[PDB]
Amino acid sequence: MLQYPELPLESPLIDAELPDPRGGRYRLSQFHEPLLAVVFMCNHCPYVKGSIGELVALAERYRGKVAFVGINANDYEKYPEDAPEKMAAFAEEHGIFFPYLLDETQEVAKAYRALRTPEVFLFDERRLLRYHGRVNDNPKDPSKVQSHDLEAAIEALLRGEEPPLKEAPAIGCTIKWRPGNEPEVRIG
């Protein structure tokens, strides 16, 4: 039977409260900017490393308009580069001023039916899902990007328009699930 289907457009924000290794805890529903971009990521994925610059630049450009939140759900026991301490250093190295949260149990990633890094979920003022997928069409190499999908969706929403009708699924490495946490995806 159908299992682990992606979160459909117009689906309400799935709230969660998680800690940021730099200090404090954050609840997804606490951010009150018009738009909210939730990004599942990590510290070592080449797809995240090649697109984090753009993500931070977007967050900077949209301060007060689009709230950004990064979430690392990776099994850091198996992937030390994704440990909480490494998260703080990664945020420092890339100027990630917005919250970068640890999803230790991986239940937030599971609830969002997330599969890769980076994978973005953009919610509107009514906190309904308007865009879900890739940051751009070549996360690993900025010099090869031909479309800035996330930027396009944000700008469309800012103009009161609908983001591109053609779905642009996330491009990146798979989330590193803990033993026994691997999602069983079934198309029917």
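Numbers follow the displayed sequence, beginning with 1.
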So which stretch wins on mean C-alpha B-factor, 77 to 85 or 114 to 122?
77 to 85
So 129 to 137 or 25 to 33, which one's hotter by mean CA B-factor in the entry?
25 to 33
In terms of CA temperature factor as recorded, identify the highest of 70, 53, 142, 64.
142
Among the modelled residues of its chain, the C-alpha B-factor of residue 159 falls in the third labelled middle
Quick check for you: using the entry's CA B-factors within this chain, is residue 49 in the lowest, middle or highest third?
middle
Assert third(CA B-factor, residue 170) within chain per record equals lowest
